[PDB]
Amino acid sequence: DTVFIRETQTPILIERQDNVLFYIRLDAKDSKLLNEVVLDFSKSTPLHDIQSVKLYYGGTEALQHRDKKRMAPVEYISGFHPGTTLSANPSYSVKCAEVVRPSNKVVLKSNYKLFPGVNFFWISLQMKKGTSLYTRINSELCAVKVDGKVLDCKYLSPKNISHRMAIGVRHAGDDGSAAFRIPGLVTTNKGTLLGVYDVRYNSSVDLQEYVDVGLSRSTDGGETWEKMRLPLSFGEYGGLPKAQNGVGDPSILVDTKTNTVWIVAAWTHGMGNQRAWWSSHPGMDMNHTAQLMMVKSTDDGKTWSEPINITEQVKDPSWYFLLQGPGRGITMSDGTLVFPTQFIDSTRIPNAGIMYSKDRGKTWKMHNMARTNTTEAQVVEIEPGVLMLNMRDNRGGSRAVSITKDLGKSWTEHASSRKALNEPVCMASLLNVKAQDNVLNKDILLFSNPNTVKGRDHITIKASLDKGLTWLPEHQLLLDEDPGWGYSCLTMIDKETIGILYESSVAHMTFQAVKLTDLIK
Amino acid sequence: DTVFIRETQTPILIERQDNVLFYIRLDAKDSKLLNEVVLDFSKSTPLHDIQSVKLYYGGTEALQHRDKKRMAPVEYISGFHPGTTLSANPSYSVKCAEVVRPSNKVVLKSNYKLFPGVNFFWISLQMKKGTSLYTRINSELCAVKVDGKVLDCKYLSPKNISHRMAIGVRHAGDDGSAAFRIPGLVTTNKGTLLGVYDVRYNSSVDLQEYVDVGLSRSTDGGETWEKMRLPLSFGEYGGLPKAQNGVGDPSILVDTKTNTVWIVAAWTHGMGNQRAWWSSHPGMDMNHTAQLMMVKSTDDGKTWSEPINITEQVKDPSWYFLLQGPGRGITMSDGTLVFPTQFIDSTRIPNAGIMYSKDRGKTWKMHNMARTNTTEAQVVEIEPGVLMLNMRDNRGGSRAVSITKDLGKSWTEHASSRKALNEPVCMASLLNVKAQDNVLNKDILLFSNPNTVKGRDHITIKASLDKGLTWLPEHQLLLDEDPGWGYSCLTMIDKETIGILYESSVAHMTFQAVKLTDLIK
Amino acid sequence: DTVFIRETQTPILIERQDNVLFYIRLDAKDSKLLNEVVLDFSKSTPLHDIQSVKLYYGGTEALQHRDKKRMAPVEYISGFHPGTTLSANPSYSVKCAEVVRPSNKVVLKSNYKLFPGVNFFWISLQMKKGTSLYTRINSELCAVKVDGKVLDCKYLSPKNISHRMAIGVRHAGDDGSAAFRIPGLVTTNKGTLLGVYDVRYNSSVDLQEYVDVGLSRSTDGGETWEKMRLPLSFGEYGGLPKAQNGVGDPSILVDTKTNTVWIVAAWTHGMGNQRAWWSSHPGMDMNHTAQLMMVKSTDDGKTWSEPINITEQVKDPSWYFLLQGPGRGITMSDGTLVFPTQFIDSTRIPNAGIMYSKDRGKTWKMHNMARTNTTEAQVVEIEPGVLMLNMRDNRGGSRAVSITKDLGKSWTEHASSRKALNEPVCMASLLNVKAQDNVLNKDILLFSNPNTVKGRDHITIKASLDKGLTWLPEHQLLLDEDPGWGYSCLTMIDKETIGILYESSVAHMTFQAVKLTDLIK
Ligand SMILES: CC(=O)N[C@H]1[C@H]([C@H](O)[C@H](O)CO)OC(C(=O)O)=C[C@@H]1O
Ligand SMILES: CC(=O)N[C@H]1[C@H]([C@H](O)[C@H](O)CO)OC(C(=O)O)=C[C@@H]1O
Ligand SMILES: CC(=O)N[C@H]1[C@H]([C@H](O)[C@H](O)CO)OC(C(=O)O)=C[C@@H]1O
């Protein structure tokens, strides 16, 4: 017979009880017993870090569904059902075998009775609790033995996959919140990691709703995270319900001249239970339009000021909706702080741009839009005094890229625009790492998004060595092949290590660490 | 100004901390203060049963959404979110006022500051723990005072609403199950109430999935219910996951000759995670087709036999799918036991019919379909030896009704067929009560169904006094105007009272008691 | 083996070279030859009217598609491809046999080699050129013989089907027009039939586009139709393209006092190539909003006046769009002429109503809407001075029905609103036939539409004998089971005969005559 094998390319959550490593499907109807499955973990693998390898049985397939060649009948582990994302759903899988503290060779003896039809199996990988974020797992499926015969394997995945670790900074249901979304991430001058996100208590739906801006803080490069803080929350302001007071879509930056940290977010007041994208209207006060609120921290992110309403400084009253671009912002070489922005103009078309402060965040200003019918953007200083804006474009298919040398007074279309970086119309993260700040001593531009033109899957980091003109395939790393909500934010953990917080297929707020030399060998 | 008022016509769950009694909408944009709201409970209302009356504020509405003239911005209390259906979502409502242990006149003093636009309020009713299923609440909204002025009330709901109690036998999330569906209900010869249903552990989706048949048993007329039992469950039969072993769509009956209780259900084995409606195929064994399984109890519902597979007795091998009609079956005067049935034939068309036993349930037989393109049905003995089958009809609009005098060898279209009983294509309950068995000393046919042609809402009981020829509007009672999953099943609690177990807007398995004299005055 | 049989319930176009009478599907994989098919035509059938009966082979089915149990692999005859709707597509069917001038017993000898799998056949009925609209064909499928053996027939269609003739007054492609839509039909005082419709030259899409109002006139009760006329056409008015000058959605009425015939239609000027539903705006002139235009004929419909612009007489300036309800209007008992209407108000919501004239059509007036969120409607005088408006309702599922005794100043909800009459949100025809004007000497209310809650198919005529309170199944007639565009319009051809012009599955403008006694026996 033939045995279809599909090895996964998904984050291994350290804290998870099960992680899908392999899917196995057997089509023979005359078979009776699965004797064993044999695996081998290479010596490059930190072998002492694997707690357990298990073999699960997933049953059979509906007869009219078998033509489609699905590798499982159902999702065995959920990354989205609140409170139960850390374990395999026991009603969907039957554990057939287990090797605890495996060596290089793993022999899962099951002698399990088979259905007269399709049979599904899968291999679960469970890491030890204190495992390092840099542990990489390589695994070879050596043999599938059915009815005494070792069968021929047909692989649907590439060879030499390296499985990477992740920590779920937030999971569905944590701290009473159904969902967490829209991540931002920075590293302070002291090396502290600060990740921000929407705390969406009632559901995953956008504003308007009961939404706070939360923050996780790590002092050890992301191995552990402190209890969630709430830098922005407005409760029952004005007497209205909490769900008519949400604040979200955070963007965070570190003022590198002083280590003051800033968070800007959009506060929606009223608007029933409708979406703010359609409910924010012209005007300037909270009863008409979303409010642009900013908080700061002068103690390395531990405590946060009371919100400051900066709406009047930057919003044209004719606009329907002004808000920041989610993710992060920057400090320019000359000390200017910059936040990406987006506004819906009087004709109900969104346009991306930037706001900037030359007085350490006390006053902010917006000059002109970068491009029509664009929304979420991130910005970088690609040369001293030259800003590059990388934009979600409603035309579809690819990121728009524009340049400004005058803080947004006039814009130029970049050569890479609407060609080089494909997207499914989604948030994308851009981060420039100057030669002086990384071990390769070369300017490296990093980009992260779902590497498709349709669908939020295959979350990928890409690197450019020519200031974003070309993105060579060999300088990219696939992080998550499965579907998720798609948003991500990059930061440098240290001079040689990238950190990423993103919405993944395994956890709402997923954190991973990647050696720069893994992207650029 | 004007103040829109809408009184609810929805079950008052005794165990709930909140129940929506009134919706209130104020349109004045220039107003400043809601001073008070005044309520009155008639002297007919047992006031000693009310724990508390509350005034809640629901905020305002999106400016572009005010066209649609709803009465609230969001659903304040959920009947479907697992684990949280018994209290109002505190993020959607702000409590303004509360009167504990009210008297006839209730003054809810709030002096609550209003939004410059639409303002939503609502009144919550909380009953005491020991409240009876027969308590009636009549409530009159006397005044809404804004800025010192009593405003003009415009009511969107009729006068003389009497609010009726209910008990949630099963609620979303109970005993670890996401949902409960498909109710059946009978009264044993000892007056014991037995209610059956799907226990749908993972979600509300139909077979195939992890589904058991559960049962709730009450010896006090439905005021209290014993711990859930599982008369049918197949676990990991054959080594397949539990989710590939569901059993559901139960039908229950009482052999009135002996008080033996019978439950029949459809067991689906394998089939992946697809719907049994498409995945059950021709054949006879479990690896091909759904199995028709039966359990019995001879101790008044307390314990249950192991399942009996009767598939081979009644199923034609060419049918794709044979199953019972959910709800209940009957004992005919001559002792014949009858269960409605439905099968998908080789043409992929479903057809309703009946199966019967002449030997107290030891063997069962099926003859011919009653009507093409029909599914779920319920049956009564409308005259001696004459069965009436009332059918969900895929043509749409109304119930089909057919008669058989030879246990399904030949069928006749009934005069009421496809004209009198409107439906949105959904399960409906039918129950016949002979003159000698009820306090009105009239033969009474009872029907329960969502009283619509589209949408599963306005669950209503209808009564016919001429053996189902006519359904006069004055002999109908609205129980639940809000949306739900729509199924229901009737029984006689006693000679004076109807019991109904149904899927409601407030609980997955909702029980209510209704005096025959409320229906027939 | 088994042979699945589906007899059709669709109009037989007299002018068609082929009409599908039976679908045949054989699932046997070991069979070799279809020897023959034997048909029987009753002696009620005027046999002299059948030109030919044919047996066609339609080939096989995709292997993954077979479980769906379709009765054909493809549509054998198109009602919609311009210029090719009158013959079977010969690339989809191979002719196996033919009986020209059949007698009562028809033997189609084929000895046709069968595919080793699913095999499709079908039987074609072709009528003689001069056949009458009243001819009825009753046909029995006597035997399907495969490999010498008469097979067991499994019917998907009811017994006692009577196949009815139809004439395609307009077919896709006729007179250079891609499409014809939106029928209206009346009978003048002289018995002349007048059918009006959109002539949609470029495609089937709604205004704006190159659209005229066309008219077919018959002096022999619909057996033959005069060359198409154009009562309304605007060409390059103002110098804009013909496609920025369309007029459509006609409504026609006979002033029975004088036999003057009126047609009202909506003329859209400019608006690029967008849909008038969104492009007509507030105002009154043609450069801003659709114009309500009227023409009259005083010579029994042979010639038509130049259009009169009556917009200023009844349009409120704040409305986005005012137009007639397509179909027909009435002449009330007191001489008032009445057209149903529909307007999109300043809040972008559509509402139905009526306009009327008390001076023989010289001046027109509108009072108040009947109901919110309603569009197309038809009106009758259900009793002297009492108008019944039957409305397409955007809430879905069923017609709204309202009553006015003061020509739209005030409205009352009819008992049947949103309960009695089913609907998929589509145009529907309503026509009242007074006792003295028909042969049953009873008031008869007639209704025609797609008899579904979803999908435009099963075009059906329904009759009510109690002024629209009840619509009994026995007084209904299915005309066309297959999908079409769904609009229809009724008239009385004479005191004994209904006429209907409608969009069918076989022709854009399909005309049929139906005896009143066939509806009400
Ligand atoms: C105001 C608001 O909520 N915006 C939402 C954003 C935006 O709507 C898109 O960029 C425009 O198309 O999209 C998403 C998303 O689910 O991807 C989340 C944001 O919360
Ligand atoms: C096997 C199965 O689950 N059937 C499902 C049933 C059926 O499909 C329909 O009656 C005909 O299509 O419908 C429903 C329903 O609430 O709508 C519930 C049943 O669980
Ligand atoms: C102005 C216009 O085009 N009206 C169109 C109508 C209308 O859009 C709907 O009644 C309200 O939405 O719909 C259709 C249709 O076959 O669906 C045809 C009419 O031409």
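All Cβ positions, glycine included, derive from the backbone under ideal geometry; neighbour counts span all protein chains shown. The numbers here are math on the coordinates, done by the rules we state, and not lab data.
Within the range B:388-404, restricting attention to residues that are basic (K, R) and under 13 Å from B:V453 (Cβ atoms), the residue that is nearest to the chain's Cα centre (by Cα) is B:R399.
If you filter the range A:337-356 down to residues that are in contact (Cβ under 8 Å) with a residue 60 or more places away in the chain and either among the aliphatic types (A, V, I, L, M) or not in a strand (DSSP E or B) (or both), you find that the one that is farthest from A:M369 (Cα to Cα) is A:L337.
When B:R16 is tested against (1) of a type outside the set (G, A, S); (2) surrounded by fewer than 22 Cβ atoms within 10 Å (Cβ to Cβ); (3) assigned to a loop (DSSP other than H, G, I, E, B), exactly one condition is not met: (2).
Filtering the range C:400-429 to residues that are among the hydrophobic types (A, V, I, L, M, F, W, C) and under 12 Å from C:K467 (Cβ atoms) leaves C:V401, C:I403, C:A415, C:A420. A:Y210: under 30 Å from B:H65 (Cα atoms), among the hydroxyl-bearing types (S, T, Y) and in contact with a helix residue (DSSP H, G or I) (Cβ under 6 Å, 6 or more places away or on another chain), yes or no? Spelling it out, A:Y210 is indeed under 30 Å from B:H65 (Cα atoms), among the hydroxyl-bearing types (S, T, Y) and in contact with a helix residue (DSSP H, G or I) (Cβ under 6 Å, 6 or more places away or on another chain). Taking the stated definitions as given, is C:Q291 touching a helix residue (DSSP H, G or I) at 6+ places or on another chain (Cβ under 6 Å) and more than 16 Å from ligand 2 (Cβ to nearest atom)? Taking the combined requirement at face value, the residue satisfies it.
Filtered by the rule that a residue be surrounded by 14 or more Cβ atoms within 10 Å (Cβ to Cβ), assigned to a loop (DSSP other than H, G, I, E, B) and without any contact (Cβ under 8 Å) to a residue 40 or more places away in the chain, the range A:91-133 gives A:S91, A:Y92, A:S93. Applying the condition of being part of a strand (DSSP E or B) and within 13 Å of another protein chain (Cβ to nearest Cβ) to the range B:202-218 and asking which residue is nearest to ligand 2 (Cβ to nearest atom) yields B:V211. Scanning the range A:372-384 for residues that are more than 14 Å from chain C (Cβ to nearest Cβ), surrounded by fewer than 20 Cβ atoms within 10 Å (Cβ to Cβ), away from ligand 1 (no atom under 15 Å from the Cβ) and over 20 Å from A:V338 (Cα atoms) turns up nothing. Counting only residues that are over 22 Å from C:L125 (Cα atoms), away from every other protein chain (no Cβ under 14 Å) and in contact with a strand residue (DSSP E or B) (Cβ under 7 Å, 6 or more places away or on another chain), the range C:149-183 holds 8 of them.
Just a yes or no: is a residue in the range A:67-80 more than 14 Å from chain B (Cβ to nearest Cβ) and either surrounded by fewer than 22 Cβ atoms within 10 Å (Cβ to Cβ) or assigned to a loop (DSSP other than H, G, I, E, B) (or both)? There is at least one residue in the range A:67-80 that is more than 14 Å from chain B (Cβ to nearest Cβ) and either surrounded by fewer than 22 Cβ atoms within 10 Å (Cβ to Cβ) or assigned to a loop (DSSP other than H, G, I, E, B) (or both).
Residue by residue, here is whether (1) under 17 Å from C:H508 (Cβ atoms); (2) crowded, with 17+ Cβ neighbours inside 10 Å holds:
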position: C:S177; (1), (2): yes, yes
position: C:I182; (1), (2): yes, yes
position: C:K190; (1), (2): no, no
position: C:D206; (1), (2): yes, yes
position: C:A265; (1), (2): no, yes
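The residue that is farthest from ligand 2 (Cβ to nearest atom), among those in the range B:357-390 that are closer than 14 Å to B:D406 by Cα and not in a strand (DSSP E or B), is B:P384. Look at B:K442 and say whether it is touching a helix residue (DSSP H, G or I) at 6+ places or on another chain (Cβ under 8 Å), more than 14 Å from every other protein chain (Cβ to nearest Cβ) and surrounded by fewer than 24 Cβ atoms within 10 Å (Cβ to Cβ). Considered against the rule, which asks whether it is touching a helix residue (DSSP H, G or I) at 6+ places or on another chain (Cβ under 8 Å), more than 14 Å from every other protein chain (Cβ to nearest Cβ) and surrounded by fewer than 24 Cβ atoms within 10 Å (Cβ to Cβ), B:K442 comes out as yes. Of all residues in the range B:112-134, exactly one satisfies the criterion of being farther than 23 Å from B:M71 by Cβ and either touching a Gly at 6+ places or on another chain (Cβ under 9 Å) or within 14 Å of chain A (Cβ to nearest Cβ) (or both), namely B:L133. It is to be established whether one or more residues within the range B:278-285 are more than 22 Å from the chain's Cα centre (by Cα) and buried (at least 23 other Cβ atoms within 10 Å of the Cβ). Yes, there is a match, as at least one residue in the range B:278-285 is more than 22 Å from the chain's Cα centre (by Cα) and buried (at least 23 other Cβ atoms within 10 Å of the Cβ). Restricting attention to the range B:344-354, the residues being within 12 Å of ligand 2 (Cβ to nearest atom) and either within 14 Å of chain C (Cβ to nearest Cβ) or closer than 18 Å to C:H65 by Cα (or both) number 5. Quick check on the range B:17-61: of everything there that is more than 14 Å from chain A (Cβ to nearest Cβ) and within 12 Å of B:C96 (Cα to Cα), which residue is farthest from the chain's Cα centre (by Cα)? So the residue we want is B:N35. For C:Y56, the conditions (1) buried (at least 16 other Cβ atoms within 10 Å of the Cβ); (2) assigned to a loop (DSSP other than H, G, I, E, B) are fulfilled apart from (2). From the list A:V199, A:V186, the one residue that fits, being within 14 Å of another protein chain (Cβ to nearest Cβ) and in a strand (DSSP E or B), is A:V199. Does B:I444 satisfy being away from ligand 2 (no atom under 16 Å from the Cβ) and of a type outside the set (K, R)? Yes: the conditions hold for B:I444. C:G329 falls short on exactly one of the conditions (1) surrounded by fewer than 21 Cβ atoms within 10 Å (Cβ to Cβ); (2) more than 16 Å from ligand 3 (Cβ to nearest atom), and that condition is (1).
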